[PDB]
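Heads up, protein14.cif below (mmCIF, N, CA and C atoms):
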data_input
loop_
_atom_site.group_PDB
_atom_site.id
_atom_site.type_symbol
_atom_site.label_atom_id
_atom_site.label_comp_id
_atom_site.auth_asym_id
_atom_site.auth_seq_id
_atom_site.Cartn_x
_atom_site.Cartn_y
_atom_site.Cartn_z
ATOM 1 N N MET A 435 -22.430 83.845 22.248
ATOM 2 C CA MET A 435 -21.101 84.489 22.063
ATOM 3 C C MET A 435 -20.768 84.588 20.572
ATOM 4 N N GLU A 436 -21.146 85.701 19.951
ATOM 5 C CA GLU A 436 -20.986 85.864 18.506
ATOM 6 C C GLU A 436 -19.717 86.647 18.159
ATOM 7 N N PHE A 437 -18.809 85.989 17.449
ATOM 8 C CA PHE A 437 -17.571 86.617 16.987
ATOM 9 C C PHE A 437 -17.478 86.547 15.456
ATOM 10 N N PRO A 438 -17.226 87.689 14.792
ATOM 11 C CA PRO A 438 -17.128 87.748 13.328
ATOM 12 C C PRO A 438 -15.810 87.173 12.781
ATOM 13 N N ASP A 439 -15.712 87.110 11.455
ATOM 14 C CA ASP A 439 -14.525 86.579 10.788
ATOM 15 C C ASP A 439 -14.381 87.198 9.383
ATOM 16 N N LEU A 440 -13.825 88.405 9.322
ATOM 17 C CA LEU A 440 -13.667 89.127 8.053
ATOM 18 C C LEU A 440 -12.433 88.652 7.276
ATOM 19 N N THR A 441 -12.541 88.638 5.951
ATOM 20 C CA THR A 441 -11.411 88.277 5.091
ATOM 21 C C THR A 441 -11.460 89.019 3.753
ATOM 22 N N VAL A 442 -10.298 89.157 3.122
ATOM 23 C CA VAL A 442 -10.186 89.826 1.824
ATOM 24 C C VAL A 442 -9.488 88.918 0.799
ATOM 25 N N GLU A 443 -9.867 89.044 -0.471
ATOM 26 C CA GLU A 443 -9.286 88.217 -1.538
ATOM 27 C C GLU A 443 -8.919 89.059 -2.769
ATOM 28 N N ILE A 444 -7.632 89.084 -3.104
ATOM 29 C CA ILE A 444 -7.149 89.805 -4.292
ATOM 30 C C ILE A 444 -7.054 88.861 -5.499
ATOM 31 N N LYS A 445 -7.592 89.283 -6.640
ATOM 32 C CA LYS A 445 -7.564 88.458 -7.851
ATOM 33 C C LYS A 445 -7.342 89.315 -9.112
ATOM 34 N N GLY A 446 -6.512 88.822 -10.034
ATOM 35 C CA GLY A 446 -6.228 89.561 -11.265
ATOM 36 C C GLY A 446 -4.919 89.141 -11.942
ATOM 37 N N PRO A 447 -4.380 89.977 -12.855
ATOM 38 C CA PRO A 447 -3.132 89.671 -13.585
ATOM 39 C C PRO A 447 -1.876 89.752 -12.698
ATOM 40 N N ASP A 448 -1.108 88.665 -12.658
ATOM 41 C CA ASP A 448 0.104 88.589 -11.832
ATOM 42 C C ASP A 448 1.338 89.165 -12.556
ATOM 43 N N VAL A 449 1.235 89.333 -13.872
ATOM 44 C CA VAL A 449 2.298 89.960 -14.673
ATOM 45 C C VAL A 449 1.708 91.014 -15.622
ATOM 46 N N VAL A 450 2.241 92.234 -15.566
ATOM 47 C CA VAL A 450 1.728 93.348 -16.376
ATOM 48 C C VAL A 450 2.866 94.123 -17.060
ATOM 49 N N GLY A 451 2.516 94.919 -18.069
ATOM 50 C CA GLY A 451 3.507 95.724 -18.775
ATOM 51 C C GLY A 451 3.698 97.110 -18.161
ATOM 52 N N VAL A 452 4.850 97.720 -18.417
ATOM 53 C CA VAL A 452 5.160 99.047 -17.884
ATOM 54 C C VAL A 452 4.341 100.143 -18.592
ATOM 55 N N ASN A 453 3.876 101.127 -17.822
ATOM 56 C CA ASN A 453 3.025 102.209 -18.343
ATOM 57 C C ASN A 453 1.714 101.672 -18.944
ATOM 58 N N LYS A 454 1.299 100.485 -18.503
ATOM 59 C CA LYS A 454 0.042 99.876 -18.954
ATOM 60 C C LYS A 454 -0.983 99.812 -17.812
ATOM 61 N N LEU A 455 -2.266 99.765 -18.159
ATOM 62 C CA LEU A 455 -3.338 99.702 -17.157
ATOM 63 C C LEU A 455 -3.702 98.248 -16.808
ATOM 64 N N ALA A 456 -3.948 97.984 -15.525
ATOM 65 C CA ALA A 456 -4.358 96.650 -15.066
ATOM 66 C C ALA A 456 -5.579 96.722 -14.131
ATOM 67 N N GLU A 457 -6.469 95.737 -14.235
ATOM 68 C CA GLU A 457 -7.679 95.681 -13.402
ATOM 69 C C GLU A 457 -7.621 94.522 -12.398
ATOM 70 N N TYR A 458 -7.813 94.841 -11.122
ATOM 71 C CA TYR A 458 -7.810 93.832 -10.057
ATOM 72 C C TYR A 458 -9.137 93.849 -9.291
ATOM 73 N N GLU A 459 -9.525 92.690 -8.767
ATOM 74 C CA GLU A 459 -10.801 92.536 -8.064
ATOM 75 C C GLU A 459 -10.591 92.042 -6.627
ATOM 76 N N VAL A 460 -11.183 92.753 -5.670
ATOM 77 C CA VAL A 460 -11.099 92.384 -4.256
ATOM 78 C C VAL A 460 -12.437 91.827 -3.746
ATOM 79 N N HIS A 461 -12.447 90.549 -3.375
ATOM 80 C CA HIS A 461 -13.621 89.937 -2.742
ATOM 81 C C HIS A 461 -13.539 90.075 -1.217
ATOM 82 N N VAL A 462 -14.420 90.884 -0.639
ATOM 83 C CA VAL A 462 -14.468 91.053 0.814
ATOM 84 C C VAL A 462 -15.710 90.362 1.391
ATOM 85 N N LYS A 463 -15.499 89.439 2.322
ATOM 86 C CA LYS A 463 -16.596 88.625 2.848
ATOM 87 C C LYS A 463 -16.472 88.364 4.355
ATOM 88 N N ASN A 464 -17.622 88.154 4.989
ATOM 89 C CA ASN A 464 -17.697 87.810 6.412
ATOM 90 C C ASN A 464 -17.924 86.295 6.570
ATOM 91 N N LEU A 465 -17.246 85.667 7.528
ATOM 92 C CA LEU A 465 -17.390 84.217 7.750
ATOM 93 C C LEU A 465 -17.878 83.887 9.173
ATOM 94 N N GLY A 466 -17.990 84.905 10.027
ATOM 95 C CA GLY A 466 -18.375 84.686 11.423
ATOM 96 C C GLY A 466 -19.873 84.443 11.627
ATOM 97 N N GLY A 467 -20.697 84.945 10.706
ATOM 98 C CA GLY A 467 -22.153 84.801 10.828
ATOM 99 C C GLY A 467 -22.821 85.931 11.620
ATOM 100 N N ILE A 468 -22.100 87.033 11.806
ATOM 101 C CA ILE A 468 -22.615 88.222 12.502
ATOM 102 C C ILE A 468 -22.260 89.506 11.725
ATOM 103 N N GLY A 469 -23.177 90.477 11.712
ATOM 104 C CA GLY A 469 -22.982 91.704 10.936
ATOM 105 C C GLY A 469 -21.875 92.619 11.469
ATOM 106 N N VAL A 470 -21.108 93.219 10.554
ATOM 107 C CA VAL A 470 -20.007 94.123 10.917
ATOM 108 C C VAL A 470 -20.059 95.441 10.109
ATOM 109 N N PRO A 471 -20.301 96.588 10.780
ATOM 110 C CA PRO A 471 -20.275 97.919 10.141
ATOM 111 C C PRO A 471 -18.875 98.575 10.150
ATOM 112 N N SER A 472 -17.955 97.975 10.904
ATOM 113 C CA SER A 472 -16.599 98.515 11.124
ATOM 114 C C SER A 472 -15.612 98.123 10.010
ATOM 115 N N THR A 473 -16.115 97.609 8.890
ATOM 116 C CA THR A 473 -15.266 96.922 7.906
ATOM 117 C C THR A 473 -14.651 97.895 6.884
ATOM 118 N N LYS A 474 -13.435 98.351 7.195
ATOM 119 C CA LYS A 474 -12.637 99.172 6.275
ATOM 120 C C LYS A 474 -11.626 98.299 5.516
ATOM 121 N N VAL A 475 -11.625 98.393 4.190
ATOM 122 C CA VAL A 475 -10.704 97.612 3.349
ATOM 123 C C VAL A 475 -9.707 98.529 2.622
ATOM 124 N N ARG A 476 -8.413 98.269 2.788
ATOM 125 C CA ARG A 476 -7.372 99.097 2.162
ATOM 126 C C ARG A 476 -6.400 98.253 1.322
ATOM 127 N N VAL A 477 -5.851 98.861 0.267
ATOM 128 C CA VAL A 477 -4.898 98.181 -0.621
ATOM 129 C C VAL A 477 -3.547 98.913 -0.662
ATOM 130 N N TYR A 478 -2.473 98.169 -0.405
ATOM 131 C CA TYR A 478 -1.118 98.726 -0.385
ATOM 132 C C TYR A 478 -0.216 98.042 -1.421
ATOM 133 N N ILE A 479 0.570 98.840 -2.131
ATOM 134 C CA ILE A 479 1.560 98.325 -3.082
ATOM 135 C C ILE A 479 2.978 98.544 -2.534
ATOM 136 N N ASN A 480 3.631 97.457 -2.112
ATOM 137 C CA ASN A 480 4.947 97.534 -1.454
ATOM 138 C C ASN A 480 4.891 98.422 -0.199
ATOM 139 N N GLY A 481 3.755 98.379 0.502
ATOM 140 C CA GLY A 481 3.567 99.191 1.703
ATOM 141 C C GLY A 481 2.998 100.585 1.426
ATOM 142 N N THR A 482 2.857 100.939 0.149
ATOM 143 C CA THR A 482 2.343 102.263 -0.246
ATOM 144 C C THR A 482 0.821 102.228 -0.473
ATOM 145 N N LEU A 483 0.083 103.106 0.204
ATOM 146 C CA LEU A 483 -1.385 103.127 0.096
ATOM 147 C C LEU A 483 -1.856 103.524 -1.315
ATOM 148 N N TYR A 484 -2.559 102.610 -1.987
ATOM 149 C CA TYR A 484 -3.137 102.898 -3.305
ATOM 150 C C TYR A 484 -4.550 103.498 -3.181
ATOM 151 N N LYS A 485 -5.381 102.907 -2.318
ATOM 152 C CA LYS A 485 -6.767 103.366 -2.133
ATOM 153 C C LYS A 485 -7.428 102.684 -0.918
ATOM 154 N N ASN A 486 -8.522 103.269 -0.424
ATOM 155 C CA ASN A 486 -9.264 102.705 0.713
ATOM 156 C C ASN A 486 -10.777 102.650 0.432
ATOM 157 N N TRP A 487 -11.455 101.693 1.064
ATOM 158 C CA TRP A 487 -12.915 101.563 0.971
ATOM 159 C C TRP A 487 -13.531 101.325 2.358
ATOM 160 N N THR A 488 -14.742 101.831 2.565
ATOM 161 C CA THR A 488 -15.491 101.569 3.802
ATOM 162 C C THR A 488 -16.832 100.899 3.473
ATOM 163 N N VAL A 489 -17.038 99.686 3.984
ATOM 164 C CA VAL A 489 -18.245 98.905 3.680
ATOM 165 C C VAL A 489 -18.790 98.201 4.931
ATOM 166 N N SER A 490 -19.961 97.589 4.797
ATOM 167 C CA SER A 490 -20.552 96.801 5.887
ATOM 168 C C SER A 490 -20.893 95.387 5.408
ATOM 169 N N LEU A 491 -20.505 94.379 6.185
ATOM 170 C CA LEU A 491 -20.754 92.980 5.814
ATOM 171 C C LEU A 491 -21.653 92.280 6.842
ATOM 172 N N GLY A 492 -22.808 91.800 6.394
ATOM 173 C CA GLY A 492 -23.731 91.106 7.284
ATOM 174 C C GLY A 492 -23.318 89.665 7.564
ATOM 175 N N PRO A 493 -24.221 88.838 8.117
ATOM 176 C CA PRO A 493 -23.919 87.428 8.397
ATOM 177 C C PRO A 493 -23.529 86.649 7.129
ATOM 178 N N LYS A 494 -22.218 86.545 6.895
ATOM 179 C CA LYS A 494 -21.664 85.826 5.738
ATOM 180 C C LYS A 494 -22.018 86.498 4.397
ATOM 181 N N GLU A 495 -21.894 87.824 4.356
ATOM 182 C CA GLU A 495 -22.108 88.594 3.124
ATOM 183 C C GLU A 495 -20.769 88.927 2.430
ATOM 184 N N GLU A 496 -20.806 89.096 1.105
ATOM 185 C CA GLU A 496 -19.617 89.467 0.325
ATOM 186 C C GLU A 496 -19.901 90.649 -0.619
ATOM 187 N N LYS A 497 -18.950 91.579 -0.712
ATOM 188 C CA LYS A 497 -19.027 92.680 -1.682
ATOM 189 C C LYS A 497 -17.823 92.621 -2.641
ATOM 190 N N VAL A 498 -18.054 92.864 -3.930
ATOM 191 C CA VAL A 498 -16.978 92.801 -4.930
ATOM 192 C C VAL A 498 -16.465 94.204 -5.308
ATOM 193 N N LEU A 499 -15.215 94.492 -4.947
ATOM 194 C CA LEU A 499 -14.585 95.790 -5.242
ATOM 195 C C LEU A 499 -13.592 95.676 -6.412
ATOM 196 N N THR A 500 -13.477 96.732 -7.215
ATOM 197 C CA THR A 500 -12.498 96.768 -8.319
ATOM 198 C C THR A 500 -11.615 98.015 -8.255
ATOM 199 N N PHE A 501 -10.437 97.927 -8.865
ATOM 200 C CA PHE A 501 -9.562 99.090 -9.037
ATOM 201 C C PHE A 501 -8.617 98.898 -10.232
ATOM 202 N N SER A 502 -8.270 100.000 -10.894
ATOM 203 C CA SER A 502 -7.381 99.961 -12.062
ATOM 204 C C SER A 502 -6.025 100.605 -11.739
ATOM 205 N N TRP A 503 -4.966 99.804 -11.767
ATOM 206 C CA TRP A 503 -3.617 100.267 -11.406
ATOM 207 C C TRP A 503 -2.702 100.376 -12.639
ATOM 208 N N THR A 504 -1.960 101.482 -12.732
ATOM 209 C CA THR A 504 -1.010 101.697 -13.836
ATOM 210 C C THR A 504 0.436 101.773 -13.321
ATOM 211 N N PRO A 505 1.210 100.680 -13.448
ATOM 212 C CA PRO A 505 2.633 100.673 -13.070
ATOM 213 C C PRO A 505 3.529 101.385 -14.100
ATOM 214 N N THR A 506 3.852 102.651 -13.839
ATOM 215 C CA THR A 506 4.693 103.448 -14.749
ATOM 216 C C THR A 506 6.180 103.077 -14.636
ATOM 217 N N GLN A 507 6.572 102.499 -13.502
ATOM 218 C CA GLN A 507 7.956 102.054 -13.294
ATOM 219 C C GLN A 507 8.050 100.520 -13.342
ATOM 220 N N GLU A 508 9.093 100.008 -13.992
ATOM 221 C CA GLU A 508 9.250 98.562 -14.211
ATOM 222 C C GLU A 508 9.932 97.863 -13.020
ATOM 223 N N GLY A 509 9.445 96.665 -12.691
ATOM 224 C CA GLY A 509 9.948 95.911 -11.543
ATOM 225 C C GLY A 509 8.862 95.049 -10.900
ATOM 226 N N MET A 510 9.195 94.330 -9.835
ATOM 227 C CA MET A 510 8.204 93.493 -9.146
ATOM 228 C C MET A 510 7.553 94.237 -7.968
ATOM 229 N N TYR A 511 6.219 94.280 -7.966
ATOM 230 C CA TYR A 511 5.456 94.988 -6.932
ATOM 231 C C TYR A 511 4.457 94.051 -6.244
ATOM 232 N N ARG A 512 4.446 94.068 -4.919
ATOM 233 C CA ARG A 512 3.524 93.239 -4.141
ATOM 234 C C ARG A 512 2.282 94.038 -3.713
ATOM 235 N N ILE A 513 1.106 93.557 -4.109
ATOM 236 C CA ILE A 513 -0.164 94.190 -3.744
ATOM 237 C C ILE A 513 -0.837 93.442 -2.578
ATOM 238 N N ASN A 514 -1.047 94.141 -1.468
ATOM 239 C CA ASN A 514 -1.689 93.559 -0.286
ATOM 240 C C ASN A 514 -3.029 94.238 0.023
ATOM 241 N N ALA A 515 -3.934 93.488 0.642
ATOM 242 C CA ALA A 515 -5.214 94.033 1.104
ATOM 243 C C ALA A 515 -5.442 93.692 2.580
ATOM 244 N N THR A 516 -5.839 94.690 3.361
ATOM 245 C CA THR A 516 -6.079 94.514 4.799
ATOM 246 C C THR A 516 -7.452 95.054 5.202
ATOM 247 N N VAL A 517 -8.111 94.369 6.137
ATOM 248 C CA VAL A 517 -9.412 94.814 6.644
ATOM 249 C C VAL A 517 -9.371 95.082 8.162
ATOM 250 N N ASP A 518 -10.067 96.141 8.583
ATOM 251 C CA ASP A 518 -10.135 96.565 9.993
ATOM 252 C C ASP A 518 -8.741 96.678 10.648
ATOM 253 N N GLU A 519 -7.825 97.377 9.977
ATOM 254 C CA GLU A 519 -6.506 97.692 10.554
ATOM 255 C C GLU A 519 -6.649 98.364 11.930
ATOM 256 N N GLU A 520 -7.755 99.083 12.109
ATOM 257 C CA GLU A 520 -8.027 99.830 13.343
ATOM 258 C C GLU A 520 -8.205 98.872 14.540
ATOM 259 N N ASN A 521 -8.447 97.589 14.241
ATOM 260 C CA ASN A 521 -8.658 96.554 15.263
ATOM 261 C C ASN A 521 -9.824 96.942 16.184
ATOM 262 N N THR A 522 -10.986 97.176 15.591
ATOM 263 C CA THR A 522 -12.169 97.597 16.347
ATOM 264 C C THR A 522 -12.907 96.396 16.946
ATOM 265 N N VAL A 523 -12.941 95.288 16.208
ATOM 266 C CA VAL A 523 -13.686 94.100 16.639
ATOM 267 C C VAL A 523 -12.774 92.876 16.844
ATOM 268 N N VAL A 524 -13.069 92.088 17.878
ATOM 269 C CA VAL A 524 -12.350 90.835 18.136
ATOM 270 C C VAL A 524 -12.963 89.686 17.320
ATOM 271 N N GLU A 525 -12.168 89.073 16.444
ATOM 272 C CA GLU A 525 -12.680 88.043 15.528
ATOM 273 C C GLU A 525 -12.078 86.654 15.789
ATOM 274 N N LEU A 526 -12.588 85.659 15.058
ATOM 275 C CA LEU A 526 -12.176 84.260 15.233
ATOM 276 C C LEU A 526 -10.798 83.976 14.613
ATOM 277 N N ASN A 527 -10.519 84.551 13.446
ATOM 278 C CA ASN A 527 -9.220 84.351 12.791
ATOM 279 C C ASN A 527 -8.481 85.686 12.594
ATOM 280 N N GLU A 528 -7.310 85.800 13.212
ATOM 281 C CA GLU A 528 -6.503 87.026 13.163
ATOM 282 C C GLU A 528 -5.640 87.083 11.888
ATOM 283 N N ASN A 529 -5.408 85.923 11.283
ATOM 284 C CA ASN A 529 -4.563 85.812 10.089
ATOM 285 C C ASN A 529 -5.403 85.889 8.798
ATOM 286 N N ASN A 530 -6.720 85.949 8.955
ATOM 287 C CA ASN A 530 -7.646 85.908 7.815
ATOM 288 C C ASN A 530 -7.889 87.313 7.227
ATOM 289 N N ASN A 531 -7.435 88.339 7.940
ATOM 290 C CA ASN A 531 -7.707 89.739 7.575
ATOM 291 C C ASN A 531 -6.707 90.302 6.543
ATOM 292 N N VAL A 532 -5.759 89.480 6.087
ATOM 293 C CA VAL A 532 -4.700 89.946 5.173
ATOM 294 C C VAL A 532 -4.591 89.073 3.908
ATOM 295 N N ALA A 533 -4.435 89.724 2.753
ATOM 296 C CA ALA A 533 -4.204 89.026 1.478
ATOM 297 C C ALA A 533 -2.929 89.547 0.790
ATOM 298 N N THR A 534 -2.161 88.643 0.173
ATOM 299 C CA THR A 534 -0.888 89.005 -0.482
ATOM 300 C C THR A 534 -0.821 88.508 -1.936
ATOM 301 N N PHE A 535 -0.676 89.437 -2.882
ATOM 302 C CA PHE A 535 -0.595 89.094 -4.311
ATOM 303 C C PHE A 535 0.672 89.699 -4.950
ATOM 304 N N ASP A 536 1.507 88.850 -5.549
ATOM 305 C CA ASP A 536 2.784 89.290 -6.128
ATOM 306 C C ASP A 536 2.655 89.602 -7.633
ATOM 307 N N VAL A 537 2.958 90.844 -8.019
ATOM 308 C CA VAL A 537 2.859 91.275 -9.422
ATOM 309 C C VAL A 537 4.243 91.581 -10.029
ATOM 310 N N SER A 538 4.428 91.208 -11.294
ATOM 311 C CA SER A 538 5.678 91.477 -12.022
ATOM 312 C C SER A 538 5.442 92.465 -13.173
ATOM 313 N N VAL A 539 6.062 93.640 -13.088
ATOM 314 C CA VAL A 539 5.943 94.663 -14.135
ATOM 315 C C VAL A 539 7.169 94.650 -15.062
ATOM 316 N N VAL A 540 6.936 94.426 -16.351
ATOM 317 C CA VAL A 540 8.023 94.302 -17.330
ATOM 318 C C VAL A 540 7.930 95.354 -18.451
ATOM 319 N N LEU A 541 9.026 95.527 -19.193
ATOM 320 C CA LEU A 541 9.095 96.523 -20.276
ATOM 321 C C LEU A 541 8.377 96.053 -21.550
ATOM 322 N N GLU A 542 8.368 94.741 -21.782
ATOM 323 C CA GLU A 542 7.713 94.164 -22.969
ATOM 324 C C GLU A 542 6.213 94.531 -23.051
#
Would you mind writing the file out in C-alpha cells?
Amino acid sequence: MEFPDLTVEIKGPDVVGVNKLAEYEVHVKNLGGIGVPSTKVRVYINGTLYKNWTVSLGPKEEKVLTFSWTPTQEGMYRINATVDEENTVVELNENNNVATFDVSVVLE
C-alpha cells in the first residue's frame, strides 16, 4: 500500500524594498517513497497567482525552483506555495502540501 507525501518549501528575503527585485527559492520534495508525475507547484501572493510549474518527483526526490518578484506597491504581502491543488493523488499528509511565507515591502 504505497501512498506519496509531497511538500513545498519557500525560502528567501522576508523584507524587501518597493520597486526592487527579490529572488525566492522553492524546494519541492517527495517524502512518501513513491514516484509522482501529477506534481503541479503554484505560487500565490495574497491569493494572487504569480506563476505555476509542472514537475515529477520520484521516491524521495527534490527539485529546486527559483523566481524573481518585484513589489511595485508598498505594504505586507504573503507568499504561499501549493502542490497538487487538483487533488489527483491520496497522500499521507494533507497539511504538508502548503507553505506560507510573510514578506514586508517598504519604501526605504
| Nearest to residue A:475 by atom-to-atom distance, counting only N, CA and C atoms, from A:441, A:507, A:516, A:538 |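 With only N, CA and C atoms as the atom set, the closest residue is A:516.
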| said: Just want the 8 Å neighbourhood of residue A:437, counted on only N, CA and C atoms, with same-chain residues fewer than 2 positions away dropped. Output as a PyMOL selection string. | reply: chain A and resi 435+439-440+465-469+523-527
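Of the residues listed (A:500, A:473, A:482, A:490), A:500 shows the shortest atom-to-atom separation from residue A:459; distances use only C-alpha atoms.
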| For residue A:442, which of A:479, A:462, A:456, A:539 is the closest residue, counting only C-alpha atoms? | A:462
Can you translate the PyMOL selection byres ((chain A and resi 502) around 7) into the concrete residues it hits in this file, as a compact mmCIF listing (two decimals) with N, CA and C atoms, keeping the file's coordinate frame?
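So the final result, stored in selection23.txt, reads:
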# COMPACT_ATOMS: atom_id res chain seq x y z
N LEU A 455 -2.27 99.76 -18.16
CA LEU A 455 -3.34 99.70 -17.16
C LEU A 455 -3.70 98.25 -16.81
N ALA A 456 -3.95 97.98 -15.52
CA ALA A 456 -4.36 96.65 -15.07
C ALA A 456 -5.58 96.72 -14.13
N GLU A 457 -6.47 95.74 -14.24
CA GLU A 457 -7.68 95.68 -13.40
C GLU A 457 -7.62 94.52 -12.40
N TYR A 458 -7.81 94.84 -11.12
CA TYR A 458 -7.81 93.83 -10.06
C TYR A 458 -9.14 93.85 -9.29
N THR A 500 -13.48 96.73 -7.22
CA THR A 500 -12.50 96.77 -8.32
C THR A 500 -11.62 98.02 -8.26
N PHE A 501 -10.44 97.93 -8.86
CA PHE A 501 -9.56 99.09 -9.04
C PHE A 501 -8.62 98.90 -10.23
N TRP A 503 -4.97 99.80 -11.77
CA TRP A 503 -3.62 100.27 -11.41
C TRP A 503 -2.70 100.38 -12.64
N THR A 504 -1.96 101.48 -12.73
CA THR A 504 -1.01 101.70 -13.84
C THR A 504 0.44 101.77 -13.32
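Put simply, atom C of residue A:515 is 13.1 Å away from atom N of residue A:489.
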| request: Please measure the separation of atom CA of residue A:488 and atom CA of residue A:476, giving the value in Å to one decimal. | output: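 Taking atom CA of residue A:488 as the start and atom CA of residue A:476 as the end point, the length is 8.6 Å.
Considering the residues A:486, A:472, A:464, A:534 and counting only N, CA and C atoms, residue A:514 has its shortest atom-to-atom contact with A:534.
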